[PDB]
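Take a look at this single chain, the form deposited without the partner chain, given in structure tokens.
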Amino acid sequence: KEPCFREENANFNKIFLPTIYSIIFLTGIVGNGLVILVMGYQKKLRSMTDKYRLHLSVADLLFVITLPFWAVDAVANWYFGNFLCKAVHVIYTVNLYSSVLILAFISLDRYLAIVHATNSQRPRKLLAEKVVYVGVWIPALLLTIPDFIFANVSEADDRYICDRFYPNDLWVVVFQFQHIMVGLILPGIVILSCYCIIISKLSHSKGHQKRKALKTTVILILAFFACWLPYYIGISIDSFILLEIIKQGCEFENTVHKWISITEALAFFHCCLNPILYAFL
């Protein structure tokens, strides 16, 4: 009843995923380094949204440093050993959770700036300079413990596959549900609640279109979640497959893994769209 025990990634992933990773690596390096140079070295962070997009650019730069390891592990497989596999996985997790927590924080900042426009200028300073660290980076760093523990390289079938290796499959299901939860649902629920209240409080602000700093952050968050949504659907289906709820054939269990691979490579475009909304607005 074992399935196909994964299939050798289609020969085309292995030229496509390397290509996607390299495009995202180039765009991420150039764009996020330019954002850090302009908005975080020369200190022209004008709004408090540009404070959080600096945090996004730092997280995305950290991830795109390790993206060439993803490309190499796509073409060939892992050569870099165990410590660097752990480093790549914890950096991937830090980016994963920090970016979406930062987006939730930008939604909170927009909610405080629009809805509580009279009295929330002092909470908007603490939330962006002292509370952002303990609400984004500390939760993002505390969720790399499963990757400090389980992210080892398995010397296998002349493969050496760098992945999170768990004692059993229930751990995989639990941690994929945890990823889905604290990376899509709760930050997504917070963002949706903040923006629904913003739209309800802005719908009668005389009509005066306060859709300025709102449109940029709406585009940023919508593009981020559009990049990540197919991957989250794939891993939710995969987690329900592992939980013996989707008892279909092993070929479905392999096509969902292929879906996860391409949609995860395509979800790394979130590291590129923060600088893109500085090229455009």
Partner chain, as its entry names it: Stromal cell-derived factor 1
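Positions refer to the first chain, counted from 1. Think of the rigid core as the biggest set of C-alphas that the two forms share within 1.5 Å after superposition.
Heads up, the form solved in complex with the partner chain isn't pictured, but that's what we're talking about next.
- The three marked residues, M48, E129 and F269, fail to reach the partner chain in the deposited bound form, with no heavy atom of any inside 4.5 Å.
- Only one of 133 to 141, 118 to 126, 90 to 98, 104 to 112 places residue heavy atoms within 4.5 angstroms of the partner chain in the deposited bound form, namely 90 to 98.
- Interface membership of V190, defined by any non-hydrogen atom within 4.5 Å of the partner chain in the deposited bound form, is ruled out.
- The shortest heavy atom separation between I235 and the partner chain in the deposited bound form is within 4.5 Å.
- Shown alone here, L186 lies farther than 4.5 Å from the partner chain in the deposited bound form, counting heavy atoms only.
- The closest non-hydrogen atom of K247 lies within 4.5 Å of the partner chain in the deposited bound form.
- Looking at 176 to 200, the residues that come within 4.5 Å of the partner chain in the deposited bound form, counting any heavy atom, are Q176, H179.
- The residue among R122, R211, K130, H116 whose Cα moves by 2 angstroms or more between this form and the one not shown, once the core is superposed, is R211.
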